[PDB]
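Step one of this worksheet: look at the structure below.
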Amino acid sequence: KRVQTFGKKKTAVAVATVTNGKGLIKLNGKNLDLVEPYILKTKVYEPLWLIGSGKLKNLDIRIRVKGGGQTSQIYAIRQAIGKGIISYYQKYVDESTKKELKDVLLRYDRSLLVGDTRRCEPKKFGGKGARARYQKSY
Amino acid sequence: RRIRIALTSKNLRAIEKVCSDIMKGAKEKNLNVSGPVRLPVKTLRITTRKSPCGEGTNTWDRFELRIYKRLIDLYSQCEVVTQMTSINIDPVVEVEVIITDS
Amino acid sequence: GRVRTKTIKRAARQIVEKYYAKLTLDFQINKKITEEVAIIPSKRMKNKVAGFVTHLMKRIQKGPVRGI
Amino acid sequence: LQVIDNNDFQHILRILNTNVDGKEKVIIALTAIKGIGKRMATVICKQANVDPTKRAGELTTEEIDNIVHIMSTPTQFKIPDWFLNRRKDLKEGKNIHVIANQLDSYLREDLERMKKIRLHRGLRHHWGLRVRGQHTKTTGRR
Amino acid sequence: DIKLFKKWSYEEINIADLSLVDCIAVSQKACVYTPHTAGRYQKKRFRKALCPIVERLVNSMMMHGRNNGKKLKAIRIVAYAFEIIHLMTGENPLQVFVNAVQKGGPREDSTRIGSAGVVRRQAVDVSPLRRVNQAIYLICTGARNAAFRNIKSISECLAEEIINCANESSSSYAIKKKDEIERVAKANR
Amino acid sequence: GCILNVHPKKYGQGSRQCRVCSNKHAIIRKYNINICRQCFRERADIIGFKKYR
Amino acid sequence: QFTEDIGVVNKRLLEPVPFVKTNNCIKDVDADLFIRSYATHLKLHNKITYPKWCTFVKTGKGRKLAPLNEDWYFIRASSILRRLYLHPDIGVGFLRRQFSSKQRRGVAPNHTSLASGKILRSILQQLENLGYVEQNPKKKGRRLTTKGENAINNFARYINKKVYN
Amino acid sequence: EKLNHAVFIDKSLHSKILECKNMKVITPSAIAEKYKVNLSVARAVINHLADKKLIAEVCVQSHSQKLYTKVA
RNA sequence: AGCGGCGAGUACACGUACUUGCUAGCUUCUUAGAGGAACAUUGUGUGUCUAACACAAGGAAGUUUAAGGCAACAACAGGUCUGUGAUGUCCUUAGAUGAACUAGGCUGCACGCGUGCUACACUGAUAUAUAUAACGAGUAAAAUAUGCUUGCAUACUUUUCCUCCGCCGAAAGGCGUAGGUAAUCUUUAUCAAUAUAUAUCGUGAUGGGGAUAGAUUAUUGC
Ligand SMILES: [Mg+2]
Ligand SMILES: [Mg+2]
Ligand SMILES: [Mg+2]
Ligand SMILES: [Mg+2]
Ligand SMILES: [Mg+2]
Ligand SMILES: [Mg+2]
Ligand SMILES: [Mg+2]
Ligand SMILES: [Mg+2]
Ligand SMILES: [Mg+2]
Ligand SMILES: [Zn+2]
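Residue numbers (the authors' numbering), protein chains in the order written: chain v, 6 to 143; chain w, 17 to 118; chain AF, 2 to 69; chain AB, 3 to 144; chain r, 7 to 195; chain AC, 2 to 54; chain AH, 4 to 168; chain AK, 34 to 105.
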């Protein structure tokens, strides 16, 4: 009937809600077609093509996003979609099929299921950044 | 009668202990008590230079003063709660009682 | 590097000497035994002591170990 | 597809006195006159009903006359007061917009007038130094 | 049924050198729809050889300070260059690019070796990873220098450079620099 | 008349000073501390500030 | 109801997608296409007037050149209508922050700038005469009427049916 | 070595340009180098040819690259 | 703080988007307290098979997982008496080297040196449009109103900090009025610019660059 799973990137967080339905996918009230950087749309479409169309005719997905930037929001949306489909199959369908689908996604790539731990480094006094130092003259 | 108890303090141990004591003391009287609300912690920062004078490598140090805050609701009388509040609290925590009837 | 200071090694060696009949070749059980026997304020140092205890117990199966 | 004849395209013009106005587009070709920037070139071209997407070498004579008319006395048209140079003139108390040649004479006269009175800024023009408060101990060093 | 840029297959492409087969990646994990993957490829020594080859191309394509970190602009440049490559000499542009990668790095070089205090400039041998890296770097530098203060666009320059590199023609930057390296190497030992 | 201390001193460096020394340089005005930097570095612990990193 | 012409429809809009769509509101249409098409509609039906004094202004401090399209007024009006549908109770300060740019200060570094206010206020008052926006009595700012939402949504649906046939 | 591109089309050159429809890679740079004209002129002639469907699009163009091809 | 639940609508497709009154339960998202988790675990190799190192698998994580704070014994004639009602000695103390008031200088320009900002363009400039952050801050004087000839007596009843919103003005800004001593308002399901899209320019010290100068207009402040 209903699950809720998140995906994360640098400081972006996306939450996907999955219910039984008729095929609709929406993002902040809008169709997925209106995701903004057109060149990065394939990344959002990837998990769907892998899992396919027949298994996904009966589901309806709503996604909210918050924080980050262009690229990080795209990556969080991918991860949330993939984890949400896996979770829905784990909660309402035999979980041998859950294992099969998880293997397909993991064969393509991780970070469709596993978060990325990287994070901006604090800067220290004596230079513009975390590593760079002011120019020394003698 | 929708009385709110508010606690602020610099010390984490102190305010945590006071909150625990009030929570347990009000439950001996069989009262509807709303669990503590821990508001965001707020930090006061000063970044000053060492070196009274001006020579040598330029080094700094970063100072921090952070403030904690708890919040408890319950239905009771004014006299009961004002007696329960005051048992000579560790005087590093501030306690104030307000009636939120609206 | 992951070299163990003398405090860790001395504590592990005494633990092995005094409680040999209980100890095993599994890290989690030995972690629990070390929690119960000794006094270690930090869980990190406790993990390292238990790890060396297990490593020492493995060596004893092969023959004599010097200092125990 | 324009096929303009090679014998009617004219390469050097003389719009005001002392101008050339080559093979450029109208907006940029009008900026060779000594007091026409990009903003006012655009506005003037709009007030003369001339297409901005043609080259200056294909402007007829009537269009040139209309533009030259607009450059003088531009308050008869709808150009507001805050587009102009010389908004009170110190001499006649009017809003005027000075153009080529005329502009150089006005600059020369301002400098010599404030140098005749022994004003500080005019005297620093006379000595050849910066006049707007700049430090001048490490820069400006030819 | 995964295509590069949704047009080109690389299901039939081959290398045919056998020294560079392990060092260029068009296979299971490296078949992608777009050359953007935010992977961790520099944490270990040899993990660089599993980054897909077109993504390494786009990674060297954003250089000289003005253009640091501008990844999407590089991807657009590379995609339109591949369209231009396919239009003329109609083939799979990825196959042409792989052929050019195979040709643009020197096979031997020179260095200072301290045999017995007295030294030389002895010839040495180049490893496959070194050759792949040098090919990529020299192709990108050739295209970048061609388009500076020039009427032609950056993707036209890149298409021309790749096509010329694949055909061994001595009008490309990479081929001539590599020939000079090999000549000096044959001279100093 | 008198001309003693008659210049206007409502704003500027000449208006405020250290709460302890009476000096007029490097005053902390954030949160209304109003102590110059040296005295504050001496008194910060008892005031309530700490060094963590 | 609508017989007007739709602007140039570029490709990359006709790609097949792996889910199913809807179209009932403007949250279902592309924004650039809607903006240009409805701007032409407003110009053609004389629903708003180009203030005579705008023929010689620029749109902000930071610009230092003029818009150079001759249709910029209607385009900004249609963007404002769509924005009002996305954010109900909006003032003129919000809109000044909304159309910001960057200002190059010569040999000094760049900073963010802010748009003007007369253009924005005149457009809002204009749309108030037409009965497409109103001033929330209880709240602040201003929002859409029922007429405004109905017109905008009907045009969005018309555009969507036009594109995908 | 300074370029001397013309900024407009002549009667005599008019016949000459329209053979730009009978070749493979149609980019503004190629036309400019071939016929020694401006780049605005090359963009305008590309637009004229594609308005009348005498030239085919190879792909989805962008604001920065505009390649075409001869008609099949 | 959110989500959800119950009603009334505005439009569409035969449920979706938005507005709105009210308020079963829940903690995914937000916040913050207590705990847990990695030990080189397992496999394979090198090593005296010790101390240890390398690769693969699993795993959120395997360079002590990343960054910081703390900093032994002994020194320098290192810097600071221009931080100090910390201080020894020497000067000076009514025509003061004390304390103030008016104007000026610290910024003066043939030149030499260090840290930097902006550039030399098309992987760009200009103009429109679309999408998108994190750490912060914020309330004794002067000022607005009767009797009197620029001054007095009067409320410390308003105001002084961030300022939504409305109106005026090309713009800078001005006038009138809310909220807020703050997870409550400014203001952040968003307070930026690199990005992305479309058009113009077209290798020309050029629509690159923006120094140096002329004129007019506002605000802080005696
Ligand atoms: Mg940096
Ligand atoms: Mg200097
Ligand atoms: Mg903009
Ligand atoms: Mg939680
Ligand atoms: Mg002293
Ligand atoms: Mg003085
Ligand atoms: Mg100085
Ligand atoms: Mg110039
Ligand atoms: Mg410029
Ligand atoms: Zn002090």
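All residues carry an ideal CB built from backbone N, CA and C; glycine is no exception.
Mapping the DSSP letters down to three states, classify residue i as helix, strand or coil.
i, result
"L81 of chain w", "strand"
"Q14 of chain AC", "coil"
"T102 of chain v", "helix"
"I79 of chain AK", "helix"
"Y101 of chain AK", "strand"
"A39 of chain AF", "coil"
"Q106 of chain AH", "strand"
"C37 of chain AC", "strand"
"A141 of chain r", "helix"
"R146 of chain AH", "strand"
"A22 of chain w", "strand"
"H127 of chain AB", "helix"
"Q128 of chain AH", "helix"
Determine the direct distance from the alpha carbon of residue j to that of residue i, and round the result to whole angstroms.
i, j, result
"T43 of chain AH", "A22 of chain w", "60 Å"
"residue 96 of chain AC", "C19 of chain AC", "Absent from the model: residue 96 of chain AC. The displayed extent of chain AC is 2 to 54, so no value can be given."
"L61 of chain AB", "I30 of chain AB", "14 Å"
"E111 of chain AB", "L92 of chain AB", "12 Å"
"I66 of chain v", "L39 of chain v", "15 Å"
"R99 of chain AH", "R86 of chain AH", "13 Å"
"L17 of chain AH", "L26 of chain r", "41 Å"
"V8 of chain v", "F52 of chain r", "41 Å"
"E174 of chain r", "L135 of chain r", "21 Å"
"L117 of chain v", "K49 of chain AF", "35 Å"
"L123 of chain AH", "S81 of chain AH", "12 Å"
"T116 of chain w", "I105 of chain w", "24 Å"
"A77 of chain AK", "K61 of chain AH", "29 Å"
"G72 of chain v", "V23 of chain v", "22 Å"
"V132 of chain r", "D115 of chain r", "7 Å"
"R38 of chain AC", "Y53 of chain AC", "19 Å"
"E34 of chain AK", "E66 of chain AK", "14 Å"
"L10 of chain r", "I83 of chain r", "15 Å"
"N170 of chain r", "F103 of chain r", "10 Å"
"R15 of chain AH", "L45 of chain v", "13 Å"
Would you decide whether residue i is buried or exposed? Buried here means 16 or more other CB atoms lie within 10 Å of its CB.
i, result
"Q78 of chain AB", "exposed"
"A135 of chain v", "exposed"
"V70 of chain AK", "buried"
"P127 of chain v", "exposed"
"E162 of chain r", "buried"
"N157 of chain AH", "exposed"
"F53 of chain AF", "buried"
"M73 of chain AB", "buried"
"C125 of chain v", "exposed"
"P112 of chain AH", "exposed"
Task: Distance cut 6 Å, beta-carbon to ligand 10 heavy atom: residue list by chain order - done: Answer in sequence order: AC:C19, AC:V21, AC:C22, AC:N24, AC:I36, AC:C37, AC:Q39 and AC:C40.
TODO: Run through the region 52 to 112 of chain w for me and flag every whole alpha helix (DSSP H) of 4 or more residues, listed as ranges in chain order.
DONE: Fully enclosed alpha helix (DSSP H) runs of 4 or longer: 94 to 101.
Open item on the list: What ranges does the beta strand (DSSP E) occupy inside the region 118 to 164 of chain r, keeping only unbroken runs of at least 3 residues that lie completely in it?
Closed with: The qualifying runs are 129 to 131.
Task: Inside the region 67 to 94 of chain r only - beta strand (DSSP E) runs reaching at least 3 residues - done: Counting whole runs of 3 or more residues, the region 67 to 94 of chain r contains no beta strand (DSSP E) stretch at all.
- [ ] Identify every run of the beta strand (DSSP E) within the region 14 to 50 of chain v, keeping only runs that are complete inside it and at least 3 residues long; order them along the chain.
- [x] Runs of the beta strand (DSSP E) inside the region 14 to 50 of chain v: 18 to 25 and 30 to 32.
Task: Within the region 3 to 62 of chain AB, ranges of the alpha helix (DSSP H) (whole runs, at least 4 residues) - done: Entirely contained in the region 3 to 62 of chain AB, the alpha helix (DSSP H) runs reaching 4 residues are, in chain order, 28 to 31 and 40 to 49.
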